[PDB]
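Using PDB author numbering, read the sequence shown as starting at 3 and increasing by one per residue.
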Amino acid sequence: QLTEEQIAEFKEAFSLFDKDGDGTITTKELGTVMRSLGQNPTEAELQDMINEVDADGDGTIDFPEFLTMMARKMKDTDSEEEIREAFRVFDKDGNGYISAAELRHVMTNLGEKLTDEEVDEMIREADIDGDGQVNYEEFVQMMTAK
Ligand SMILES: [Ca+2]
Ligand SMILES: [Ca+2]
Ligand SMILES: [Ca+2]
Ligand SMILES: [Tb+3]
């Protein structure tokens, strides 16, 4: 039973993925989005990637499947591999560290203007140690913090 408060937040993600507002996420748009994220996925990956979110193999993604894909993860096993790439995917420094600055560097290219007072707070609001920066160890805390 997904609460509305959750179903809403998800909507925000879509508008971020489907810039065309067609109502379906395609590979051409997916790669383009990940291509600007500093990532360089292969053709076999992007195409095969959609499959993961495409259980019906229709060639596109909808709301029911868009949430299921994310929700499912919460209702199944997880691979620290995804937490590594995504995380290291932001630390272009390959150092594995995301400072309130670096985060603002990438999250900024997203195409949305964010405020420092917010980012600084978020990162500092999640940093169980409050070091103004997030470490790989902290990343687990969130998933290990009931
Ligand atoms: Ca589209
Ligand atoms: Ca770094
Ligand atoms: Ca720290
Ligand atoms: Tb589908």
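C-beta atoms are modelled at their ideal positions from N, C-alpha and C, and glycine is treated no differently.
The beta carbons of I27 and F68 sit closer together than 8 Å. With a contact defined as Cβ atoms closer than 8 Å, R106 and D93 miss out at about 13 Å. Sequence-distant Cβ neighbours of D20 in its own chain, meaning closer than 8 Å and more than five residues away, are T26, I27 and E31. By the Cβ neighbour-count rule, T29 is buried, with 16 or more other Cβ atoms within 10 Å of its own. About 6 Å separates the CB atoms of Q41 and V91; that is less than 8 Å, so the two are in contact.
Separation of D131 and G113 (C-alpha to C-alpha, rounded to the nearest whole angstrom) is 30 Å.
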